[PDB]
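Novice: Hey, dropping coords.txt in here, compact mmCIF, C-alpha atoms:
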```
# COMPACT_ATOMS: atom_id res chain seq x y z
CA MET D 1 -9.94 -5.96 -1.37
CA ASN D 2 -7.23 -5.32 -3.96
CA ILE D 3 -6.03 -5.72 -7.56
CA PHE D 4 -8.34 -8.50 -8.79
CA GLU D 5 -10.49 -9.00 -4.96
CA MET D 6 -9.18 -3.34 -9.33
CA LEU D 7 -8.76 -4.47 -12.93
CA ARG D 8 -12.09 -6.29 -12.86
CA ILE D 9 -13.59 -2.88 -12.18
CA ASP D 10 -11.30 -1.39 -14.81
CA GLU D 11 -12.31 -3.49 -17.80
CA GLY D 12 -15.55 -5.36 -17.10
CA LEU D 13 -15.65 -9.14 -17.58
CA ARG D 14 -16.35 -11.27 -20.67
CA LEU D 15 -15.53 -14.96 -21.03
CA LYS D 16 -15.81 -14.32 -24.78
CA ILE D 17 -13.06 -12.77 -26.90
CA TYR D 18 -13.84 -9.12 -27.66
CA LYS D 19 -12.53 -5.84 -29.08
CA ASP D 20 -11.02 -3.38 -26.60
CA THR D 21 -11.96 0.31 -26.77
CA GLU D 22 -8.78 0.87 -28.82
CA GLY D 23 -9.98 -1.92 -31.12
CA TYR D 24 -7.22 -4.38 -30.33
CA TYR D 25 -8.59 -7.93 -30.01
CA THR D 26 -8.93 -9.20 -26.43
CA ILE D 27 -10.41 -11.86 -24.13
CA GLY D 28 -10.90 -11.73 -20.37
CA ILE D 29 -10.18 -8.71 -18.18
CA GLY D 30 -7.65 -6.55 -20.02
CA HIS D 31 -5.91 -9.58 -21.51
CA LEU D 32 -4.66 -8.56 -24.93
CA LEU D 33 -4.27 -11.50 -27.31
CA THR D 34 -3.05 -9.73 -30.44
CA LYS D 35 -3.12 -6.29 -32.04
CA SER D 36 -3.49 -8.16 -35.33
CA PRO D 37 -6.66 -7.65 -37.43
CA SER D 38 -7.03 -11.42 -37.64
CA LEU D 39 -9.17 -12.64 -34.76
CA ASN D 40 -7.81 -16.12 -35.39
CA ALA D 41 -4.43 -14.96 -34.10
CA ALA D 42 -6.23 -14.02 -30.91
CA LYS D 43 -7.91 -17.43 -30.75
CA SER D 44 -4.54 -19.12 -31.38
CA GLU D 45 -2.60 -17.19 -28.79
CA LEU D 46 -5.56 -18.08 -26.62
CA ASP D 47 -5.00 -21.69 -27.72
CA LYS D 48 -1.49 -21.58 -26.33
CA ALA D 49 -2.43 -19.58 -23.23
CA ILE D 50 -5.18 -22.04 -22.29
CA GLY D 51 -3.72 -25.17 -23.86
CA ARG D 52 -6.95 -25.92 -25.74
CA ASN D 53 -8.94 -24.83 -28.79
CA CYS D 54 -11.21 -22.44 -26.92
CA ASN D 55 -12.87 -20.97 -30.04
CA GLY D 56 -13.86 -17.82 -28.16
CA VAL D 57 -15.42 -19.48 -25.09
CA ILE D 58 -13.83 -20.80 -21.90
CA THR D 59 -14.84 -22.17 -18.52
CA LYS D 60 -14.96 -19.31 -16.03
CA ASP D 61 -12.24 -20.94 -13.97
CA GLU D 62 -9.96 -20.63 -16.98
CA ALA D 63 -10.85 -16.95 -17.14
CA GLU D 64 -9.85 -16.57 -13.53
CA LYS D 65 -6.73 -18.60 -14.21
CA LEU D 66 -5.60 -16.61 -17.22
CA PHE D 67 -6.46 -13.45 -15.30
CA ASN D 68 -4.13 -14.69 -12.58
CA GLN D 69 -1.47 -15.53 -15.20
CA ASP D 70 -1.60 -11.97 -16.45
CA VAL D 71 -1.60 -10.38 -13.01
CA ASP D 72 1.35 -12.65 -12.18
CA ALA D 73 2.94 -11.48 -15.41
CA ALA D 74 2.57 -8.02 -13.87
CA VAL D 75 4.04 -9.15 -10.53
CA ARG D 76 9.39 -12.19 -11.61
CA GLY D 77 7.10 -7.81 -14.43
CA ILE D 78 7.22 -4.56 -12.46
CA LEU D 79 10.14 -5.87 -10.42
CA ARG D 80 12.62 -6.10 -13.31
CA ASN D 81 12.36 -2.38 -14.10
CA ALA D 82 15.04 -0.11 -12.67
CA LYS D 83 12.56 2.70 -12.00
CA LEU D 84 9.35 1.01 -10.91
CA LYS D 85 10.66 -1.01 -7.97
CA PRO D 86 11.45 1.88 -5.58
CA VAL D 87 8.11 3.47 -6.54
CA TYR D 88 6.34 0.16 -5.94
CA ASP D 89 8.02 0.32 -2.54
CA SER D 90 6.90 3.91 -1.84
CA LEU D 91 3.26 3.23 -2.68
CA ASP D 92 0.84 1.96 -0.07
CA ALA D 93 -0.37 -1.46 -1.25
CA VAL D 94 -3.64 0.19 -2.18
CA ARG D 95 -1.60 2.28 -4.63
CA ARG D 96 0.71 -0.63 -5.45
CA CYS D 97 -2.24 -2.38 -7.02
CA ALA D 98 -2.70 0.84 -8.99
CA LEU D 99 0.86 0.61 -10.27
CA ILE D 100 0.04 -2.98 -11.16
CA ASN D 101 -2.94 -1.59 -13.07
CA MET D 102 -0.60 0.74 -14.88
CA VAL D 103 1.97 -1.84 -15.90
CA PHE D 104 -0.85 -4.20 -16.84
CA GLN D 105 -2.48 -1.46 -18.92
CA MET D 106 -0.04 0.69 -20.87
CA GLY D 107 2.67 -1.95 -20.53
CA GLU D 108 5.81 -1.73 -18.42
CA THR D 109 7.58 0.62 -20.86
CA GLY D 110 4.93 3.31 -20.66
CA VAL D 111 4.80 3.15 -16.88
CA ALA D 112 8.54 3.59 -17.19
CA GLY D 113 7.77 6.55 -19.44
CA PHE D 114 6.25 8.68 -16.67
CA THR D 115 9.52 9.15 -14.79
CA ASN D 116 8.61 12.47 -13.19
CA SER D 117 5.27 11.29 -11.86
CA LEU D 118 6.97 8.27 -10.35
CA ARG D 119 9.71 10.44 -8.91
CA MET D 120 6.99 12.48 -7.26
CA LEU D 121 5.37 9.27 -6.03
CA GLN D 122 8.49 7.95 -4.31
CA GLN D 123 8.95 11.45 -2.89
CA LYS D 124 5.24 11.26 -2.14
CA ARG D 125 4.40 14.60 -3.69
CA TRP D 126 1.18 12.81 -4.44
CA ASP D 127 -0.63 15.89 -5.71
CA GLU D 128 1.83 16.86 -8.44
CA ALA D 129 2.46 13.17 -9.03
CA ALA D 130 -1.24 13.03 -9.83
CA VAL D 131 -1.13 16.20 -11.94
CA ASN D 132 1.72 14.63 -13.92
CA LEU D 133 0.10 11.21 -14.26
CA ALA D 134 -2.85 13.25 -15.54
CA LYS D 135 0.11 15.22 -18.81
CA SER D 136 -1.26 12.86 -21.47
CA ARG D 137 1.05 6.84 -23.23
CA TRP D 138 -1.79 6.26 -20.78
CA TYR D 139 -4.02 9.00 -19.40
CA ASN D 140 -5.34 10.01 -22.82
CA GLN D 141 -5.99 6.37 -23.69
CA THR D 142 -8.51 5.71 -20.92
CA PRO D 143 -9.24 9.07 -19.32
CA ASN D 144 -11.94 7.78 -16.95
CA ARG D 145 -9.96 4.72 -15.89
CA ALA D 146 -6.81 6.80 -15.66
CA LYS D 147 -8.69 9.27 -13.49
CA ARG D 148 -9.78 6.41 -11.27
CA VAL D 149 -6.21 5.15 -10.92
CA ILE D 150 -4.64 8.57 -10.41
CA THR D 151 -7.33 9.20 -7.83
CA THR D 152 -6.31 5.85 -6.38
CA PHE D 153 -2.84 7.35 -5.94
CA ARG D 154 -4.29 10.58 -4.60
CA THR D 155 -6.39 8.87 -1.94
CA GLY D 156 -4.51 5.80 -0.77
CA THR D 157 -7.93 4.14 -1.03
CA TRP D 158 -10.25 2.61 -3.60
CA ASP D 159 -12.68 5.54 -3.41
CA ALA D 160 -12.50 6.42 -7.10
CA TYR D 161 -13.93 2.99 -7.76
CA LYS D 162 -16.43 3.77 -4.98
```
If you convert what's in this file into structure tokens, what do you get?
Specialist:
Amino acid sequence: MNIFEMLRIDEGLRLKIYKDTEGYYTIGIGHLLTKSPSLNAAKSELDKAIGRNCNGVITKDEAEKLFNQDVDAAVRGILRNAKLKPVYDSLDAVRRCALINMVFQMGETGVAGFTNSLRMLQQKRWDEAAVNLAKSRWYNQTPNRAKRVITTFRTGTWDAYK
């Protein structure tokens, strides 16, 4: 029971392309296609990502596959960062999937942007690390999801997702 069996809890699951809560166009679980107003750009980037003219619908196995391609993009992506790697080491794997949720969500740069919270995580001052993951580009964006993930750091378990 881990990241897949986390984000799938985090974002629901539609085979169809759809708007995210921030209004960026999206298909699958958290898989941004384009920020562009044109949906066709989303369908086209989807056309490259899937290798076929999906036109907003895909076989569920392709959804699982693209979902794996994105989670794998998160896993050659967290490692390159100078800051995230020691923190990814300090986390229990149950929190490591949470860091994967972070880098998958706000992007690697924003997860890089919470340097103090991460410093508290590697030092395992989990409480203030949580209070600092709480002073907001992420926590303000998805406050319930961010609460679930920060709780995931607080607990060492999936309990926020209950």
Novice: Tell me which of D:72, D:136, D:27, D:60 sits closest to residue 47 in chain D, counting all atoms listed in the file.
Specialist: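 Looking at the shortest contact to residue 47 in chain D, the residue is D:27.
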Novice: Excluding range 6-21 of chain D and any residue of its chain fewer than 3 positions from it, enumerate the residues within 9 Å of it, using only C-alpha atoms, and give them as a PyMOL selection string.
Specialist: chain D and resi 1-3+24-30+32-33+39+42-43+55-60+62-63+97-98+101+104+142+145+148+158+161
Novice: Name the closest residue to residue 69 in chain D among the candidates D:139, D:49, D:87, D:44; distances are taken between atoms, counting only C-alpha atoms.
Specialist: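 Comparing D:139, D:49, D:87, D:44 against residue 69 in chain D, the winner is D:49.
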Novice: Using CA of residue 45 in chain D and CA of residue 73 in chain D as the two end points, give the distance in Å to one decimal.
Specialist: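 Separation between CA of residue 45 in chain D and CA of residue 73 in chain D: 15.6 Å.
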Novice: What does the distance between CA of residue 152 in chain D and CA of residue 113 in chain D come to in Å, to one decimal place?
Specialist: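 Straight-line distance from CA of residue 152 in chain D to CA of residue 113 in chain D works out to 19.2 Å.
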Novice: Which is closest to residue 85 in chain D among D:66, D:46, D:118, D:38, if we use only C-alpha atoms?
Specialist: D:118
Novice: Could you list, as an NGL selection string, every residue within 6 Å of residue 94 in chain D, counting all atoms listed in the file and ignoring same-chain residues fewer than 2 positions away?
Specialist: :D and (92 or 96-97 or 156-157)
Novice: From the set D:135, D:124, D:48, D:83, which residue has the shortest atom-to-atom contact distance to residue 147 in chain D, counting all atoms listed in the file?
Specialist: D:135
Novice: What is the distance, in Å and to one decimal place, between CA of residue 82 in chain D and CA of residue 70 in chain D?
Specialist: 20.8 Å
Novice: Give the answer as one residue: which of D:86, D:143, D:107, D:23 has the shortest atom-to-atom distance to residue 119 in chain D, using only C-alpha atoms?
Specialist: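 Ranking D:86, D:143, D:107, D:23 by distance to residue 119 in chain D, first place goes to D:86.
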Novice: Measuring atom to atom with only C-alpha atoms, identify which of D:121, D:111, D:93, D:106 is nearest to residue 141 in chain D.
Specialist: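 Ranking D:121, D:111, D:93, D:106 by distance to residue 141 in chain D, first place goes to D:106.
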Novice: Box time for range 119-138 of chain D: axis-aligned, enclosing all its listed atoms, 3 Å extra on each side; report centre and edge lengths in Å to one decimal, as lines of an AutoDock Vina configuration file.
Specialist:
```
center_x = 3.4
center_y = 11.6
center_z = -12.7
size_x = 18.6
size_y = 16.6
size_z = 27.1
```
Novice: Write a file for range 6-41 of chain D, containing N, CA and C atoms (output as a short mmCIF file (atom, residue, chain, number, x, y, z; two decimals), in the first residue's frame).
Specialist:
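Here's the written file selection_1.cif:
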```
data_model
loop_
_atom_site.label_atom_id
_atom_site.label_comp_id
_atom_site.auth_asym_id
_atom_site.auth_seq_id
_atom_site.Cartn_x
_atom_site.Cartn_y
_atom_site.Cartn_z
N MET D 6 -1.51 6.54 -3.33
CA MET D 6 -1.63 7.82 -2.66
C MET D 6 -2.24 8.86 -3.58
N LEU D 7 -1.64 9.03 -4.76
CA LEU D 7 -2.12 10.01 -5.72
C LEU D 7 -3.53 9.70 -6.21
N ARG D 8 -3.85 8.41 -6.30
CA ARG D 8 -5.16 8.00 -6.79
C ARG D 8 -6.23 8.43 -5.79
N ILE D 9 -5.85 8.47 -4.52
CA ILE D 9 -6.67 9.11 -3.50
C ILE D 9 -6.67 10.62 -3.69
N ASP D 10 -5.51 11.15 -4.05
CA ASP D 10 -5.30 12.59 -4.08
C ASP D 10 -6.10 13.33 -5.15
N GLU D 11 -6.37 12.66 -6.27
CA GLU D 11 -6.92 13.37 -7.42
C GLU D 11 -8.13 12.71 -8.08
N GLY D 12 -8.63 11.62 -7.52
CA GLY D 12 -9.70 10.88 -8.18
C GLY D 12 -9.16 10.12 -9.39
N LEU D 13 -10.04 9.77 -10.32
CA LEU D 13 -9.64 8.98 -11.49
C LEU D 13 -10.61 9.07 -12.67
N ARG D 14 -10.26 9.87 -13.68
CA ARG D 14 -11.00 9.89 -14.94
C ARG D 14 -10.15 9.50 -16.14
N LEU D 15 -10.65 8.55 -16.92
CA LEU D 15 -10.03 8.20 -18.19
C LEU D 15 -10.10 9.38 -19.16
N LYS D 16 -11.16 10.17 -19.03
CA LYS D 16 -11.36 11.35 -19.86
C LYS D 16 -10.45 12.51 -19.45
N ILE D 17 -10.11 13.35 -20.42
CA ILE D 17 -9.42 14.60 -20.14
C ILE D 17 -10.35 15.49 -19.32
N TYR D 18 -9.81 16.25 -18.37
CA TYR D 18 -10.65 17.15 -17.58
C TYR D 18 -9.87 18.30 -16.93
N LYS D 19 -10.59 19.38 -16.63
CA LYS D 19 -10.02 20.52 -15.91
C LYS D 19 -9.61 20.14 -14.50
N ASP D 20 -8.46 20.63 -14.04
CA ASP D 20 -8.08 20.48 -12.64
C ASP D 20 -8.75 21.61 -11.86
N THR D 21 -8.68 21.54 -10.54
CA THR D 21 -9.31 22.55 -9.69
C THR D 21 -8.73 23.94 -9.92
N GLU D 22 -7.48 24.01 -10.36
CA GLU D 22 -6.86 25.27 -10.77
C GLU D 22 -7.22 25.66 -12.20
N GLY D 23 -7.92 24.77 -12.90
CA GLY D 23 -8.42 25.06 -14.23
C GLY D 23 -7.45 24.74 -15.36
N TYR D 24 -6.26 24.27 -15.02
CA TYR D 24 -5.37 23.72 -16.03
C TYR D 24 -5.94 22.42 -16.59
N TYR D 25 -5.84 22.23 -17.91
CA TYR D 25 -6.34 21.01 -18.55
C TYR D 25 -5.52 19.78 -18.17
N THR D 26 -6.20 18.65 -18.01
CA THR D 26 -5.60 17.45 -17.43
C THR D 26 -6.33 16.17 -17.85
N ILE D 27 -5.60 15.06 -17.90
CA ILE D 27 -6.19 13.74 -18.06
C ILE D 27 -5.53 12.81 -17.05
N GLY D 28 -6.23 11.78 -16.61
CA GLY D 28 -5.65 10.81 -15.69
C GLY D 28 -5.53 11.37 -14.29
N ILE D 29 -4.75 10.71 -13.45
CA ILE D 29 -4.59 11.12 -12.06
C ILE D 29 -3.45 12.13 -11.89
N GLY D 30 -3.78 13.42 -11.96
CA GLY D 30 -2.82 14.47 -11.67
C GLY D 30 -1.90 14.77 -12.84
N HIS D 31 -2.17 14.13 -13.97
CA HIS D 31 -1.33 14.26 -15.16
C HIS D 31 -1.67 15.49 -15.98
N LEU D 32 -0.97 16.59 -15.70
CA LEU D 32 -1.14 17.80 -16.48
C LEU D 32 -0.72 17.55 -17.92
N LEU D 33 -1.50 18.08 -18.86
CA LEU D 33 -1.19 17.98 -20.28
C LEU D 33 -0.67 19.31 -20.79
N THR D 34 -1.43 20.37 -20.53
CA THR D 34 -1.01 21.73 -20.82
C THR D 34 -1.76 22.74 -19.96
N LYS D 35 -1.11 23.86 -19.67
CA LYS D 35 -1.76 24.97 -19.00
C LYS D 35 -2.52 25.82 -20.01
N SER D 36 -2.32 25.50 -21.29
CA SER D 36 -2.87 26.27 -22.39
C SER D 36 -4.39 26.18 -22.44
N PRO D 37 -5.06 27.30 -22.77
CA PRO D 37 -6.52 27.35 -22.89
C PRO D 37 -7.04 26.36 -23.92
N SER D 38 -6.27 26.13 -24.98
CA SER D 38 -6.66 25.18 -26.00
C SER D 38 -6.61 23.76 -25.45
N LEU D 39 -7.76 23.09 -25.45
CA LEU D 39 -7.83 21.69 -25.06
C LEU D 39 -7.11 20.81 -26.06
N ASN D 40 -7.06 21.25 -27.31
CA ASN D 40 -6.43 20.47 -28.37
C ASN D 40 -4.94 20.28 -28.12
N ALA D 41 -4.32 21.24 -27.44
CA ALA D 41 -2.93 21.06 -27.03
C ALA D 41 -2.81 19.92 -26.03
#
```
